[PDB]
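Structure record follows, encoded as structure tokens.
Number of protein chains: 2
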Amino acid sequence: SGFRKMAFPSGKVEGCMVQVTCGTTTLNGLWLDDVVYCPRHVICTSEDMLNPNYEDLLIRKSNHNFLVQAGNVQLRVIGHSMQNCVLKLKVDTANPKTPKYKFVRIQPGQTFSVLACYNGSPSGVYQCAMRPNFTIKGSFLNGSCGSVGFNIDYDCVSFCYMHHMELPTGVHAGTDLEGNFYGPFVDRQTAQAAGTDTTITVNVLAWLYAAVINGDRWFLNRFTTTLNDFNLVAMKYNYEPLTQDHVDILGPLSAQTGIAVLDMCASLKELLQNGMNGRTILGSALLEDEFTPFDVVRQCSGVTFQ
Amino acid sequence: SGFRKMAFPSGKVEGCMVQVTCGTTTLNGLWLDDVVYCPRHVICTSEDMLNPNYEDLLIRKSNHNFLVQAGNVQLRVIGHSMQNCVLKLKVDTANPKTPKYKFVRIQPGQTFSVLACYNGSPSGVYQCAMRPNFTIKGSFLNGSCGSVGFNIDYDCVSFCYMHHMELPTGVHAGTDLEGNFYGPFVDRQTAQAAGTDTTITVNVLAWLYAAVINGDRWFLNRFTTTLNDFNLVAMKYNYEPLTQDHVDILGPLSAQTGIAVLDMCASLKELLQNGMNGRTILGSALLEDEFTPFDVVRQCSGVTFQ
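Chain order of the listed sequences is A and B. At position 259 of the first sequence the residue is numbered 3522 (UniProt numbering), and the sequence of numbers has no breaks. At position 258 of the second sequence the residue is numbered 3521 (UniProt numbering), and the sequence of numbers has no breaks.
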């Protein structure tokens, strides 16, 4: 038993990370088949980023102004194009380590693993959630841009995130691999408002189920509630409203533990209104919202990938 | 910026995980060069584990009596030996994916990444600390034994942990790769007392430095203290005593932030006596002790591997 925030094994993604240099800027790119994907602000200096005209800056560049290096292998750039906020660099060679892969646009509240990289080399791997306001709370230093987020399904890598920027507030924003930002953000160094962030209610509930499965039960009370009654308490505490779709997704956890979903919502409502009174749940003194119901089931059955 | 509990990239280790079956028991093994390492209780039935005589049970087995599978290709077992609590199964072929590697015995309070595996296939990766009482708080289901813990230094994998068992209390115990248990535990299914666990003081201070580096500063108070006075408060809250060696290890973090170590100990001592009063540090409502000073420097400096 036990419950840990677990990232996916990063091997399949490590073999796809390359270094992209344009002028003085170096960042990470993703090499799949014969295309390298990277943030388009690789073509910007630190001064361009204040107000960049990406179409005009890209026109000043040719294929040989893009230095792409995979480990110690230099790749030959034979074409370049801009798709929304990503650059696609066509190279001479197909990546021999290309895994089975998909490009996916995930929804707020879904989670993914981030392979943080610098200069095309992997630094570490951790799990993240796309917040309801479409930011993430990562660990990204200078040079991390182009680091990617992903999920793995047996042998297929679903790429869902590419890192582009840190907002002045210290949170992180990026795109899917078609180059469309999550949220209202733009790849410009300016003040950018993230909306109010809220707690992913269905994720907290799944984590309470994981706690029950692991023997933590002190928070189980003798109340229940209704969906509408819970959502009144949800909006006071900046929690996302619970829908019937979320109740349905929690069905299997309900079935395994024998605790009805609206009964778990009554325990959650008393945790929100009374706090935790110095207690902990699964080693945490806060309510955790970074596990999806599918994450909880995965960790609890021990699914493998290879 | 930002600070996350980060695991090492697991690619080099994924290529070494194999499946070891002996009779009805299946667990994970580690294939390095022409040797497969796995827990010796793979040779036990579920009933043998109550009082196993490993020498007698191993004698009933021959080289062909061990099924080693790497992905879908089977290996040729040409020798077997027991070294303390691990089995060394000599196979015909050297693992072509063998990384540069060392076997190391770590100290309490040091950290490592765990590649959780089932049936020889990787399931997930997370960072763990060896507790002062020589347990770890992992996530390990049935079939997870033989999962390994490791650190990476550029290109060399330092293997430090092999998972062997879950104690009845739900915490986890295992060996180094010479088969010597960490702590007073044995590979027998019986009640086994872990000692009192204490908090890794030097790790908490490193994490407080990481918090300051990342902009969290409210806990900086304007008192100081001495080493003996801090250790008086440390022992009341089940913290491990701080030594001069620990002060020295924190030196570079001290130098970067301009905060002397004993001033950081005064902020910690008031955090222990007053709690956090509903505040958080790096998103946590508890004091974190799973980052070593070297972990903090690595993450804040962006060191990369391979």
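The beta-carbon is built from N, C-alpha and C at its ideal position, and this holds for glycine as well.
Chain-ordered chain B contacts of residue i [CB-CB under 8 Å]
i         : result
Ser3402/A : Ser3264, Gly3265, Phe3266, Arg3267, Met3269, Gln3562
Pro3385/A : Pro3272, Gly3274, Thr3567, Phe3568, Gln3569
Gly3406/A : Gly3565
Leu3378/A : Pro3272
Per-residue contacts from residue i into chain A (C-beta, under 8 Å)
i         : result
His3435/B : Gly3265
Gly3478/B : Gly3433
Bridge-paired residues (DSSP) for residue i
i         : result
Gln3337/A : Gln3332/A
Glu3429/B : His3435/B
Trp3294/B : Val3299/B
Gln3346/A : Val3349/A
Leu3378/A : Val3388/A, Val3411/A
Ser3547/A : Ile3544/A
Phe3444/A : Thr3438/A
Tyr3417/B : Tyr3417/B is not bridged to any residue.
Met3280/A : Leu3293/A
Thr3288/B : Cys3285/B
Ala3270/B : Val3388/A
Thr3461/B : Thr3461/B pairs with nothing; no bridge assigned.
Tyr3424/A : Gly3412/A
Min CB distance residue i to chain B below 8 Å
i         : result
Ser3273/A : yes
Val3420/A : no
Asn3382/A : yes
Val3388/A : yes
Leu3338/A : no
Unbroken beta strand (DSSP E) run spanning residue i, endpoints
i         : result
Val3496/B : Premise fails: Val3496/B lies in the alpha helix (DSSP H), 3490-3499, not in any beta strand (DSSP E).
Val3354/B : 3349-3354
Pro3385/B : 3384-3392
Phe3366/B : 3363-3366
Residue nearest to residue i in terms of C-alpha spacing, selected from the options
i         : options                                    : result
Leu3330/B : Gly3292/B, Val3299/B, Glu3310/B, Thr3284/B : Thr3284/B
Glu3310/A : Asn3537/A, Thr3487/A, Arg3451/A            : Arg3451/A
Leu3320/B : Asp3355/B, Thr3488/B, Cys3307/B            : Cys3307/B
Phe3366/B : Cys3423/B, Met3498/B, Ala3518/B, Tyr3417/B : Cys3423/B
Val3298/A : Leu3516/A, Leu3513/A, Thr3356/A            : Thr3356/A
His3343/B : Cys3528/B, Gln3282/B, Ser3325/B, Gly3334/B : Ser3325/B
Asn3347/B : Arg3480/B, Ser3384/B, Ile3369/B, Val3449/B : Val3449/B
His3426/A : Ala3454/A, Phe3493/A, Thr3487/A, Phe3397/A : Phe3397/A
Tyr3389/B : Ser3517/B, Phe3271/B, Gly3546/B            : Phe3271/B
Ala3436/A : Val3420/A, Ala3392/A, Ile3415/A, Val3465/A : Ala3392/A
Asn3328/B : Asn3291/B, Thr3287/B, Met3527/B, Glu3429/B : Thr3287/B
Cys3408/B : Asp3460/B, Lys3499/B, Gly3292/B            : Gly3292/B
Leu3525/B : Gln3282/B, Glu3277/B, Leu3513/B            : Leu3513/B
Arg3485/B : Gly3458/B, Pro3504/B, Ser3264/B, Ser3530/B : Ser3530/B
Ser3273/A : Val3354/B, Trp3294/B, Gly3387/B            : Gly3387/B
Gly3334/B : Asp3418/A, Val3281/A, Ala3333/A            : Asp3418/A
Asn3501/B : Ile3463/B, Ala3474/B, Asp3508/B, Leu3483/B : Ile3463/B
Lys3351/B : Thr3289/B, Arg3303/B, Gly3278/B, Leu3545/B : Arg3303/B
Residue interval of the alpha helix (DSSP H) (run including residue i)
i              : result
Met3527/B      : 3524-3537
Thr3520/B      : 3514-3520
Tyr3317/B      : 3317-3322
residue 3651/A : Because chain A in this structure spans residues 3264 to 3569, residue 3651/A falls outside the shown range and cannot be described.
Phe3397/A      : No alpha helix (DSSP H) holds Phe3397/A; DSSP gives it neither H nor E.
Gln3562/B      : 3556-3564
Residues that residue i contacts on chain A, provided the C-beta gap is smaller than 9 Å
i         : result
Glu3429/B : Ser3264, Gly3265
Partners in chain B for residue i, counting only beta-carbon separations shorter than 9 Å
i         : result
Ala3497/A : Per Cβ cutoff of 9 Å: no residues; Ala3497/A is ~20 Å from chain B at best.
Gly3286/A : Simply none; closest approach about 21 Å.
Neighbour flag for residue i against chain A, beta carbons, 8 Å
i         : result
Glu3503/B : no
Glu3533/B : no
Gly3334/B : yes
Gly3342/B : no
Partner residues on chain A for residue i, Cβ-Cβ distance less than 7 Å
i         : result
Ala3548/B : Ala3548, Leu3549
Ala3529/B : Within 7 Å Cβ-Cβ: nothing; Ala3529/B doesn't reach chain A, min ~23 Å.
Partner residues on chain B for residue i, Cβ-Cβ distance less than 7 Å
i         : result
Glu3277/A : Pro3272, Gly3274
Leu3516/A : Ordered by position in chain B, no residue passes the 7 Å Cβ test against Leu3516/A, which lies about 16 Å from the chain.
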